[PDB]
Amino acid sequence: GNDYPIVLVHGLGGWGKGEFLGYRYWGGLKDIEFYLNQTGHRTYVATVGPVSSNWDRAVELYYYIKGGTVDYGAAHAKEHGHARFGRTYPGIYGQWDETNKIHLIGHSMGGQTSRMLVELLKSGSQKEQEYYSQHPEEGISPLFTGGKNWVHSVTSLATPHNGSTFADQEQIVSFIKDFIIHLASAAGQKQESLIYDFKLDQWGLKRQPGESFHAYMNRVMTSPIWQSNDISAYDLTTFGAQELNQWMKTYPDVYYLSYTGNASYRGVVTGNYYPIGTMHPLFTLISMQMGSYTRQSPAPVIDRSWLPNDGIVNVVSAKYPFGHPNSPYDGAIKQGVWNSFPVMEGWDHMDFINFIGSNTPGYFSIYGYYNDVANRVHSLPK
């Protein structure tokens, strides 16, 4: 097969190690990346902005792997009104290129972020190229010139390719506050001692020296970025995600694999969908509104196929991006199409990363599922 290292890309809310002692995004109380590396699969955990745009996260993710200083694009930065340059990274895989390829594995928004990254690698950014032409004084970063075939495969796990009908209700500021409650609780850590980093430096939202966590977070959660386009909230809506699908291409020389979960069941009378008992309480009510939410207008149309969900991502959204090539898994993995594995019943949105309160139907451990996922991308031919 291949020897390409895996790179894990967290989704909305995701955090790096060193943010919670003893609690990892990938495994919770377990280290998945450690299990994969010990069992012979070189695996890297990448850390990008937990709540910024997929664009912001893809650029960050490039420099995280390759090494260098984050450049979000002069045109992008002007149009959306944040700083152009972000953090500086030494790179966890500097030799990354056409022959030293990598596998992108992304949970939740990380699947969108991975596709965004492949897009930027493959086709660059026309917008930034034109801005360079009009203003050669600004420069351009290699990531935006195009022509890099550095990603062998992209694997999404409960990724809202077509958005979330929860995100449509515009309560993600509220959701993330709640998330931060639940996350600190599950890490056994005091709210007052949290060093959770929202990574919104480009918007001038850095934690000030000696500033309390709660005052810093409130500065973030009241920021008007949450009503813009350059933010996770926007990208997670069904309109916003459909809009992204129009230009984040599915490339013919890349392997795409999708995994979808369902943790909802049809009510026999209402025909609505209700969360199962194993679901985390953070998603119980979200699942209930998603299980009962249909929308004729405005576009896109939300019909009854959208009612089943994993807690926060509808099943019909996680299988493949609408309009993109796709085949349900039939035993053979096809290149250049979305290979949609069968819905995994009983799996909630957080079960994929073994968040506390974990349930992994069909397996003894979240390790046994990642064993099969890693062996699967390892099997892809060169």
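Residue numbers run from 1 along the displayed sequence.
Out of 133-141 and 253-261, which one has CA B-factors that are higher on average in the deposited record?
The stretch with the larger average C-alpha B-factor is 133-141.
As stated in the PDB record, which stretch has the larger average Cα B-factor, 194-202 or 267-275?
Per the PDB entry, the higher value belongs to 267-275.
Checking the record values for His182, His161, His280, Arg84, which has the greatest CA B factor?
Comparing C-alpha B-factors across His182, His161, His280, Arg84, the maximum falls on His280.
Of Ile65, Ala58, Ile333, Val51, which one's C-alpha B factor is largest in the deposited record?
Result of the comparison over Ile65, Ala58, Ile333, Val51: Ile333.
For the chain shown, is the CA B-factor of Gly357 in the lowest, middle or highest third of its modelled residues?
Highest third - that is where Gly357 ends up once the chain's C-alpha B-factors are sorted.
Just say lowest, middle or highest third for the CA B-factor of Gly40 relative to the other modelled residues in its chain.
Its C-alpha B-factor belongs to the highest third of this chain's values.
Could you place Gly368 in the lowest, middle or highest third of its chain by Cα temperature factor, using the values in the record?
Middle third by C-alpha B-factor.
Quick one: classify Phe175 as lowest, middle or highest third of the chain based on its Cα B-factor.
For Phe175, whose C-alpha B-factor we compare with every modelled residue in the chain, the answer is the lowest third.
Ranking every modelled residue in this chain by its Cα temperature factor as given in the entry, which third contains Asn100?
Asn100: CA B-factor falls in the highest third of its chain.
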